[PDB]
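Shown here is one chain on its own, the form deposited in one PDB entry, set out as structure tokens.
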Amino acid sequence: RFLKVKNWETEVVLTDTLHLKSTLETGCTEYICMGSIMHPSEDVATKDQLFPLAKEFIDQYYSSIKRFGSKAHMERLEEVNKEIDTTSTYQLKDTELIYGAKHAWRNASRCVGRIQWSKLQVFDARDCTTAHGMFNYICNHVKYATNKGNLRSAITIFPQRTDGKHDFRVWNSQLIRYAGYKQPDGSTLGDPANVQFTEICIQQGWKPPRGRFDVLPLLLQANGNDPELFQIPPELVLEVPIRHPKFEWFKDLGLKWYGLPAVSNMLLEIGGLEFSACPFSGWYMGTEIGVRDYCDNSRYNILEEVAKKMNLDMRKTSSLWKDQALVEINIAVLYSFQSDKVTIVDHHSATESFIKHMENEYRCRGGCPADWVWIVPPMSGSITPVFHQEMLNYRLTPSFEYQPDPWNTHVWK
């Protein structure tokens, strides 16, 4: 049955037919909704499971290019059946690889940035065999995507999983991240989100400069071997010093962030195939930049410190001192990136774009999967147009999936 979604601000009502085409489960049941669980519940598939999934993807592909049932389509289906038959797997044509990767982004229910979905630069790295080659492919990705600040969406796709013992993995969660150091007293130098990975890198031989914004080395695993450390040429890492248009002391917080958000620990699934290394990158929404959790000193947060320098009453919560210092930190982030002509988007324009994207998707595609819990920005939610937009969340393939951290699965040698 069709389903309606209403916008309660504009009273616009959209009809979803696209959800009838999903068959990956969401994790909810008729009796329990799990829409706020982050991962709501071995990975190597047999030929038996493979061809259905491959056939489904070849079918929607040849339907995307208005040739469903053509000689080309009939033949491509036979070609893939033969290849699954003899090799227990198959290889995507370049066109399929590009179409499938764009559509994984299009189907990412949690991504507010999807209006750009079809402008994606796809780098085919399926010939890669070693970590040195990964490092070369990733430097090219970084250099292309960054583009002296005029950022450009890209993805680099390394060879697909075979038996599971030969995975390609980028052990970093992002290509560019800052190191976090657990301290003597107990606090944290650098980015606290990365303390575990930082200790893994030190244990692997990395010599930490032990600063606040130490770019972490790339830790790269090719064909299931042990991972190897590589330093990204510093000239490829574009950074933005964070300053404030009104507060001239903000620059004295010593803060900066990197320009390129490039997520490197997810799994790309296309037509039954699993690409366990597929770093993809776009540009930031201002609210993502997690500099607020840095420690200015040995006791006070970037929130606490900013509100301190703003001379706010921090004795009680009802003064909303956290809320004021949050807005100012985000003003500073957007002002700084814009002053350096580094691509960034504010959460107002981003959510506005996404509503317009939803309209497009319901017109041409009969729906758009969307995860309200993740689409709604992490501040000022109800004054953005997504807050009052009803959304239907469902799981379409090709897709980006979660996968275990490699240091929990890997048998060293």
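So that the term is clear: the rigid core is the largest set of C-alpha atoms that superpose within 1.5 Å between two forms. Don't overthink the numbering: it's just position in the shown sequence, from 1. Residues that one form lacks are left out of the comparison.
Below, we turn to the form deposited in another entry, even though it does not appear here.
J.: Of 228, 328, 296, 214, which one has a Cα that moves 2 Å or more between this form and the one not shown once the core is lined up?
T.: None of the others reach 2 Å, which leaves 296.
J.: Considering a change of 3 Å or more, are the Cα atoms of residue 306 and residue 296 closer or farther in the other form than here?
T.: Pair moves farther apart in the other form.
J.: Given a CA distance change of at least 3 Å, are residue 297 and residue 252 closer or farther in the other form?
T.: Distance between the C-alphas of residue 297 and residue 252: longer in the other form, by 3 Å or more.
J.: In sequence order, what are the runs of at least 3 consecutive residues whose C-alphas shift by 2 Å or more between this form and the one not shown once the core is aligned?
T.: Shifted segment: only 290-301.
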